[PDB]
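# Structural description and commentary
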Amino acid sequence: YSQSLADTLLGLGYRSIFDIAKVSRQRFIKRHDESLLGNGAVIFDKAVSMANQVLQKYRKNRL
Amino acid sequence: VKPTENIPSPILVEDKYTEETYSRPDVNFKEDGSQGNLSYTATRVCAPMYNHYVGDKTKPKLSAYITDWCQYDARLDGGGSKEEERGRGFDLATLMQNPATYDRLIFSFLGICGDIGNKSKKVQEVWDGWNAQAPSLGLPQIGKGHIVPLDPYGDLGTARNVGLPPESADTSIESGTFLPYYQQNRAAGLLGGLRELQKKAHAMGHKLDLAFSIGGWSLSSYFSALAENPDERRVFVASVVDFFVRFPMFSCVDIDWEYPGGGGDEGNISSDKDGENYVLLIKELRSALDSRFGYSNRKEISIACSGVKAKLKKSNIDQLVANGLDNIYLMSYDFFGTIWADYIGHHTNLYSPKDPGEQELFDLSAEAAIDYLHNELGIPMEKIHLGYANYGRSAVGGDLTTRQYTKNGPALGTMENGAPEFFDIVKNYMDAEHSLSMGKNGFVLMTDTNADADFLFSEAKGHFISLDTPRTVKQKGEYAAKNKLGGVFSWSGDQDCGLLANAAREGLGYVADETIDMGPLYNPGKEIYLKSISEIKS
């Protein structure tokens, strides 16, 4: 089923999961219908973790 | 267009349907023309597709109406994809990836309790549904004059082709158990896809305006009960308040009574006095809606005017202007139709040949109405909006020097006893490819030296098709811009894969520094002397 999100979440809603670094939970929760919100309340437990997952990939290089 | 060339696209999307649809058991489409009263070619196989432009809104607003069945046919069935119903390739996806395509949409429709004009039986079985499930839920039963939903399963139960994920499908919404779904918080089907679009348009940038229709040509019976007497008005106005309480997303509601004189089918009802009772009905509603919903976010009200000079008098705008009316919709079309005129003719046009022939609907034009409306009724052009069809009108046995017609011949179109669309016309009869406006496979393309409109014709028994073109639409938009209109509106928005809708943005002057281009395909057709009937009597 997951590609039904990636067609339109990535089609218009957000450019990428990295741009979810904008949000606060109530801002994010407001925007979504039952077909997202009924399969979306878990997202910020790993997606805000994604929003700090690139962090040292361009600084661990300090040597 | 001094000696200049252009080049075609190698494909026109070419998805599933049409290439197999050609063989289907009542698709009687001769590329030479026919009396074949049915044919079913899908929209997505002659498709040029849409293009982005700078959308600066200081122009006449480009808008569209919508109807809920693609394979449209009298006495509808369950299911789809199999002749009785089909989507015609109209998935909402082509608008979901182009949310900026229209400046307004106009939805349709609601029934009314006791209104045999919409339907006496099946809609009133949905009303029997309300008046059985509601008291079981402790909710109120509703009396005559209240609004009612048309098809709860088809409206809110279905999920395919409305741009929803498959699991959104909700099968319980039959006539005995549906009222709990009847608010925006439970929006599904197309009523989900519209609400979804309003958010997505704003999420990428700019908003969308959303009106809805009640009534029409066979659908204007109980308006003569409703308007005439307060005891029907109260239940109705309370039901409009209850609708905007249930569904705040809509911006506007319009009655489509045909007509304040007589107008429509014999199922419709009108007294002479209903042309005044309608002014009371709308002022009472305007007052109740102003009371409930204030002014900073109030819901708009507009009218459907006749394009016929006698009937724009009966429409009584010069009283409504003083009682409260936002916009005036010039539906100046159906000036021809396949069966009911004694001679071949044209659905409308910009410029009459000189005179309305035998004082008929034919040989009229859009030039005639505004000259009276702006001056003898005094109307601002910024209230006036110009309506147009997105299809052709066929006839048979035609001759161009005498306009005589085979008196009861139901000439070819799409669907079933209905009009041919332009995509199936370019697929078979007409050049959109090779630097001249002309016919192909044995059709010809004509231009009347009297009115300057175009039409297709054929040299068998005499197949004829009145139709619009990229040329005339490129002109109508530049005309409408100079003629100061509040807007222009399509009918119905499911009927163009981008052939004339590109030409509308290009006609109104939306731009960017393309899927296809048409310069040497804006030249005219064969300059025929298609006489008015007065010029055939002379």
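Residues numbered from 1 in each chain as written, not as in the entry; some residues may be left out. Chains lettered and ligands numbered in written order. Part of a larger assembly, values for the part shown. Heavy atoms only, no water.

The deposited coordinates derive from cryo-EM, with the record listing a resolution of 4.4 Å.

Our focus in this paragraph is the overall build of chain A. Along chain A, the regular secondary structure elements total five helices and zero strands. Element order for chain A, N to C, with α for helix and β for strand: α-α-α-α-α. In summary, chain A has a C-alpha radius of gyration of 14 Å against a globular reference of 11 Å for 63 residues, an excess of more than 25%. Seen along its three principal axes, the alpha-carbon backbone of chain A occupies a region of about 50 × 25 × 20 Å. For chain A, with 63 residues in total, the buried portion stands at 16%. Summed over its atoms, the accessible surface of chain A is roughly 5300 Å², and 56% of this surface lies on carbon and sulfur atoms. Of note, chain A has its 11 positive side-chain charges centred 16 Å away from the centre of its 5 negative side-chain charges. (Helix = DSSP H or I, 4+ residues; strand = E, 2+ residues; numbered from the N terminus. Rg over C-alpha atoms; globule rule 2.2 N^0.38 Å. Buried < 20%, exposed > 50% of the residue type's maximum accessible area, 1.4 Å probe, protein only. Areas by Shrake-Rupley, 256 points an atom, 1.4 Å probe, with all protein chains shown as cover. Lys, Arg positive; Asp, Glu negative; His and termini not counted. Charge placed at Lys NZ, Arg CZ, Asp CG, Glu CD.)

If a residue is not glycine, its phi is most likely negative; likewise, a peptide bond is most likely trans. All names here are of chain B. Of the consecutive residues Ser108 and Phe109, the connecting peptide bond is found in the cis state with omega at -5°. Note that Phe109 resides in the loop between β3 (104-108) and β4 (111-112). In this chain, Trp491 is followed by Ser492 through a cis amide linkage whose omega measures -15°. Along the polypeptide, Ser492 turns up in the loop between β16 (487-490) and α14 (501-508). One non-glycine residue with positive phi stands out, namely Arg75, at about 45°. By secondary structure assignment, the location of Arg75 is in the loop between β2 (61-65) and α2 (93-96). We note that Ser435 has phi near 55°; this positive angle belongs to a residue other than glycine. Mapped onto the elements, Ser435 comes out in the loop between α12 (422-426) and β13 (443-448).

Residues and elements named next belong to chain B. With respect to burial, α14 is a largely interior element, seven of its eight residues being buried. If you check which residues of α14 are buried, you get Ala501, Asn502, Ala503, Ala504, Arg505, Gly507 and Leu508. Residues of α14 that are buried sit in contact with β2, α13 (470-482) and β16. One or two residues past the end of α14 sits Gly509, with phi positive at roughly 95°. (Contact = heavy atoms within 4.5 Å.)

The next thing to look at is the environment of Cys305(B). Summarising the element assignment, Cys305(B) is placed in strand β8 (residues 302-306). Setting aside chain neighbours within four positions, we find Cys305(B) in contact with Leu312(B), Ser315(B), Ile328(B), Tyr329(B), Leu330(B) and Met331(B).

A few words now on the UniProt feature "domain: GH18" in chain B. Mapped onto the present numbering, the UniProt feature "domain: GH18" falls at residues 60-511 of chain B. Segment residues 60-511 of chain B splits into 28% helix and 13% strand. End C-alpha atoms: 15 Å apart. (UniProt positions renumbered as here; feature names shortened; annotations may be inferred.)

Turning our attention to the interface of chain A and chain B. Taken residue by residue, the interface counts six residues in chain A and nine residues in chain B. Taking both partners together, chain A and chain B bury about 600 Å²; carbon and sulfur atoms supply 64% of that area. Summed over the shared surface of chain A and chain B, the number is zero salt bridges. At the junction of chain A with chain B, the criterion picks out one residue pair in polar contact. Residue composition of the side of chain A that touches chain B, grouped by class: two nonpolar, two polar and two charged. (Buried area = accessible area lost by both parts, 1.4 Å probe. Salt bridge = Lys/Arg side-chain N within 4 Å of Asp/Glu carboxyl O. Polar contact = N/O pair within 3.5 Å; in protein donor to acceptor, adjacent residues only side chain to side chain. Nonpolar A, V, L, I, M, F, W, Y, C, P; charged D, E, K, R; others polar.)

Residue and element names in this part refer to chain B. Of all hydrophobic cores here, the largest spans 109 residues; its most connected members are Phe212, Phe236, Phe244, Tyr429 and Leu456. With seven residues, helix α8 (residues 274-293) is the single largest residue contributor to this core. Formed by 17 residues, the second largest nonpolar core is a distinct cluster that contains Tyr343, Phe362, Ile528 and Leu530. (Core = buried A, V, L, I, M, F, W, Y, C linked by side-chain atoms within 4.5 Å.)

Our next topic: the UniProt feature "binding site: chitin" in chain B. Residues and elements named next belong to chain B. Following the UniProt record, the feature "binding site: chitin" maps to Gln184, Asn185, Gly215, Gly216, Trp217, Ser218, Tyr259, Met331, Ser332, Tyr333, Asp334 and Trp491 here. Spanning 308 residues, the named residues are also spread out in space, since their farthest C-alpha pair is 39.5 Å apart. In this fold, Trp217 is placed in the loop between β6 (209-214) and α6 (223-226). The residues contacting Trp217, other than those within four sequence positions of it, are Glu258, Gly263, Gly264, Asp265 and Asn268. Note that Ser218 resides in the loop between β6 and α6. Apart from the residues lying within four places of it in its own chain, the contact partners of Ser218 are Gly117, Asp265 and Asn268.

Further remarks concern the pattern of salt bridges. All names here are of chain A. One pass over the full model with this rule turns up 19 salt bridges over all chains. A salt bridge links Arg15 to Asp19; its shortest N-O distance comes to 2.8 Å. According to the relative accessible area criterion, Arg15 is exposed, its value standing at 63%. Given the relative accessible area of 16%, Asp19 is considered buried.

Turning to the side chain of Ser108(B), a few remarks are in order. Residue and element names in this part refer to chain B. Inspection of the secondary structure assignment puts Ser108 in strand β3. Judged by its relative accessible area of 15%, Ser108 is buried. A distance of 2.7 Å separates the side chain of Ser108 from the backbone oxygen of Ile66, its partner in a polar contact.

Time to look at the sheet that holds strand β9 (residues 327-331) of chain B. All names here are of chain B. Strand order in the open sheet formed by eight strands is β7-β6-β3-β2-β16-β10-β9-β8, and the pairing between neighbours is parallel. Each end of this open sheet is capped by a strand with a single partner; those strands are β7 (252-255) and β8. Taking each pair of neighbouring strands and ignoring which way they run, the sheet shows an average axis angle of 25°. Relative to the sheet, helix α7 (residues 230-246) contacts β6 and β7, its axis offset from that of β7 by approximately 150°. (Pairing = 2+ DSSP bridges. Axes fitted to C-alpha atoms, helices over the stretch in contact; angles between N-to-C directions.)

For any pair of aromatic rings, geometry is given as the distance between the ring centres together with the angle between the planes. All names here are of chain B. Per the counting criterion, the structure on display carries 19 aromatic pairs over all chains. Feature note: the residues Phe107, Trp130, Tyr182, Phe212, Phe243, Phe244, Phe247, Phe250 and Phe293 constitute an aromatic cluster, connected by ring pairs. Sitting over the face of the ring of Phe362, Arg403 holds its NZ or CZ atom 4.8 Å from the ring centroid. The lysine or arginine in question, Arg505, covers the ring of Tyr510, its NZ or CZ lying 4.6 Å from the ring centre. (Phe/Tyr/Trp six-rings, centres within 6.5 Å; stacked < 30°, edge-to-face > 60°. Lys NZ or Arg CZ within 6 Å of the ring centre and 35° of its normal.)

Our focus in this paragraph is a positive patch on the surface. Judged by side-chain charge, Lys22(A), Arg27(A), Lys30(A) and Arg31(A) come together as a positively charged surface patch. Mapping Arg31(A) onto the fold places it in the loop between α3 (25-30) and α4 (34-37). (Patch = residues over 30% accessible without salt bridge, like charges linked within 9 Å, V, L, I, M, F, W, Y side chains within 5 Å.)

With that settled, the discussion passes to the side chain of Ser532(B). Residue placement: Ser532(B) occurs in the loop between β17 (526-528) and α15 (533-537). Ignoring anything within four residues of it in the chain, the contact list for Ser532(B) reads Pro353(B), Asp355(B), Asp363(B) and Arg403(B).

To continue, consider the sheet that holds strand β15 (residues 464-466) of chain B. Residues and elements named next belong to chain B. With mixed pairing, five strands are arranged side by side in an open sheet as β11-β15-β14-β13-β17. Single-partner strands in this sheet number two, and they are β11 (393-395) and β17. Along the sheet, successive strands turn relative to each other by an average axial angle of 30°, direction set aside. Note that β11 and β15 share three bridges and pair antiparallel. Counterpart to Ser394 in the pairing with β15 is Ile465.

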